[PDB]
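Some notes on the structure that comes next.
So basically every Cβ, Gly included, is an ideal-geometry build from the backbone, and we count neighbours across all protein chains shown. Each answer follows from the model by the rule given with it, or from the source it names; no laboratory instrument gave them.
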Amino acid sequence: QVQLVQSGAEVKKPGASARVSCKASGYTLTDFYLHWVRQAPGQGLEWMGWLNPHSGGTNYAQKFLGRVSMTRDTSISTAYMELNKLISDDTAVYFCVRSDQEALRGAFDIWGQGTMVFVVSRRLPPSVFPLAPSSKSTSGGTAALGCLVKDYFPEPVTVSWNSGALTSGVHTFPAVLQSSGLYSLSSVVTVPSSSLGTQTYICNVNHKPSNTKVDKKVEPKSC
Amino acid sequence: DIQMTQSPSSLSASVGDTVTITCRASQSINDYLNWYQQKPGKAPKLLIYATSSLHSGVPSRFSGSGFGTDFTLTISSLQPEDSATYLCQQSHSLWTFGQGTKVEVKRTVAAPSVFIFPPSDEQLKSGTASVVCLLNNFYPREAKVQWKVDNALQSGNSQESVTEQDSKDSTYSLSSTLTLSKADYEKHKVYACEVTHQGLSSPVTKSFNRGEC
Amino acid sequence: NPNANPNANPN
């Protein structure tokens, strides 16, 4: 179908530059204005500017003038955004998004999936501890288990279970800020209590800011 | 730049209710006003453009009105999958988004299932001990967790986090984590989380004895 | 109060 497909996350030091690519699929890139919009954690969306992919012309928000470049390669239907002189406040999800100036009066109908840009100076990889299932976490045929992801910085961690094969019943909680200034969260899942003897449950914790990954097998405890 | 504000910032309503969200612009945008739905971890989806036109695929439950600097999004016959943030956006002179209005969809009361997790041996090697209490799939969002260590009520050593509302069943889940020093943890026997909630006629206590796990 | 954004798509 009609979509915009973006490149993967960027981990950058302050003062560096972040590059995001955006590929048009199912429509002709040069037929529509291509916008960049970012969303910092806990905040609303912020329009950065647009690219005319036909002409190469642009219109940048004044906030980003001198810092942002929007370009494209029409031969591979791909647009690019580069943001220079990164600061911590640039940590955000960056979307490319098409507008329709005719039929939709400037509205934004096709959005990319977003690209995370992490501006990282200090970093601490997470400690990952099992939340073991037991009789104390079993209720009416259901057992709960999980992983505690403690003492990391900065955000975010992402957590999958069984390498993405287990998603039903997973709750990965919003992080809390500890008094230390480090973050912590838990990811939990409910499964049939009958499954504890035959299924293995492994939480996969990715902390891109520190380029670390931790897998932890969660086994039952004898209470 | 044109500034956008929305009111209220959050609201709660039952299935079948009609809710209205207002959007204001700092100067006139004629009818170049669009509405989007955003769920956590997703890109926004276009709902309405040019103040009142429904984008392809959007039910007539969604309605828009207004002009100049004042606009309304109306959701009639609210559905569970409507639990989300609704954002307005001007497209008259550059583009500006409102900060969003959070919409919670009420459902029948659902008491939490309660689960407790003792600290791992691996964490005890780090010098701390965290005990986790999970309250699963409940509504409404208000719940209280009280920690008790050998029947003494705790305060000041726990942290709580709540999930976003589920788009399918309209429930929440909640974690409460009690963190002690290892030295303090090893000096006590019974660890308990005591849960209260509209759906519970008396508190639910889950507990364990240290060393038994 | 005319809009300041483009009235046509690039094509």
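Taking the range B:148-161 as the range and being under 19 Å from A:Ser179 (Cα atoms) and either out of contact with any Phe, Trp or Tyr (no Cβ under 7 Å at 6 or more places or on another chain) or of a type outside the set (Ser, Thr, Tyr) (or both) as the test, the residues that pass are B:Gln154, B:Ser155, B:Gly156, B:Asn157, B:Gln159, B:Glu160. Out of B:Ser126, B:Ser130, one residue alone is assigned by CATH to the domain that holds B:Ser158, assigned to a strand (DSSP E or B) and within 30 Å of B:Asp184 (Cβ to Cβ). It is B:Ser130. Counting only strands (runs of 3 or more DSSP E) that sit wholly inside the range B:139-213, those with at least 2 residues that are among the polar types (S, T, N, Q) are B:158-162, B:172-181, B:204-209.
Taking each residue of the range A:197-223 that is within 14 Å of another protein chain (Cβ to nearest Cβ) and without any contact (Cβ under 8 Å) to a residue 12 or more places away in the chain and looking for partners that are of a type outside the set (A, V, I, L, M) and surrounded by 16 or more Cβ atoms within 10 Å (Cβ to Cβ) with beta-carbon atoms closer than 6 Å, six or more apart or interchain, yields nothing.
Scanning the range A:4-17 for residues that are surrounded by 14 or more Cβ atoms within 10 Å (Cβ to Cβ) and farther than 11 Å from A:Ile87 by Cα turns up A:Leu4, A:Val5, A:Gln6, A:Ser7, A:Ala9, A:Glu10, A:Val11.
Residue by residue, here is whether (1) assigned to a loop (DSSP other than H, G, I, E, B); (2) over 22 Å from A:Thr172 (Cα atoms); (3) of a type in the set (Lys, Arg) holds:
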site: A:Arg98; (1), (2), (3): no, yes, yes
site: A:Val117; (1), (2), (3): no, no, no
site: A:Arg122; (1), (2), (3): yes, yes, yes
site: A:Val128; (1), (2), (3): no, no, no
site: A:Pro133; (1), (2), (3): yes, no, no
site: A:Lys150; (1), (2), (3): no, no, yes
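Within the group B:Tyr172, B:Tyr185, B:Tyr191, B:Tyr139, which residue is surrounded by 14 or more Cβ atoms within 10 Å (Cβ to Cβ) and more than 14 Å from chain A (Cβ to nearest Cβ)?
Criteria check complete, one pass: B:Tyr139.
Residues in the range B:99-118 that are farther than 14 Å from B:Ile75 by Cβ and of a type in the set (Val, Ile, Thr): how many? So the answer is 4. When the range A:25-58 is limited to residues that are within 30 Å of A:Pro154 (Cα to Cα), in contact with a strand residue (DSSP E or B) (Cβ under 8 Å, 6 or more places away or on another chain) and of a type in the set (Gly, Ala, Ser), the one that is farthest from the other protein chains (Cβ to nearest Cβ) turns out to be A:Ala40. Set side by side, the residues A:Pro130, A:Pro156 differ, and just one is closer than 28 Å to A:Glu10 by Cβ and of a type outside the set (D, E, K, R), which is A:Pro156. Checking each residue in the range A:97-140 for being over 30 Å from B:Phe117 (Cα atoms), of a type in the set (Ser, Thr, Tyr) and more than 8 Å from every other protein chain (Cβ to nearest Cβ) picks out A:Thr115, A:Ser121. Contact map, the range B:149-178: residues that are in contact (Cβ under 8 Å) with a residue 12 or more places away in the chain paired with residues that are part of a loop (DSSP other than H, G, I, E, B) and hydrophobic (A, V, I, L, M, F, W, C), Cβ distance under 9 Å, separation 6+ or inter-chain. Pairs shown: B:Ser161/A:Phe173; B:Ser161/A:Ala175; B:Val162/A:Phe173; B:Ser170/B:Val15; B:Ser173/A:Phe173; B:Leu174/A:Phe173; B:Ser175/A:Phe173. On the given criteria, is A:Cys22 away from every other protein chain (no Cβ under 11 Å), crowded, with 17+ Cβ neighbours inside 10 Å, closer than 21 Å to B:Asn34 by Cβ and not polar (S, T, N, Q)? The answer is yes for A:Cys22.
Count, please, the residues in the range A:159-191 that happen to be assigned to a strand (DSSP E or B), away from chain B (no Cβ under 11 Å) and closer than 21 Å to A:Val11 by Cβ.
From the range A:159-191, those assigned to a strand (DSSP E or B) are A:159-161, A:166, A:170-172, A:176-177, A:183-191; that's our starting set.
Imposing the further condition that a residue be away from chain B (no Cβ under 11 Å) reduces the set to A:159-161, A:166, A:191.
Those left that are additionally closer than 21 Å to A:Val11 by Cβ: A:159-160.
Result for the range A:159-191: 2.
Scanning the range A:74-96 for residues that are within 14 Å of chain B (Cβ to nearest Cβ) and more than 23 Å from A:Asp31 (Cβ to Cβ) turns up A:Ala92, A:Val93.
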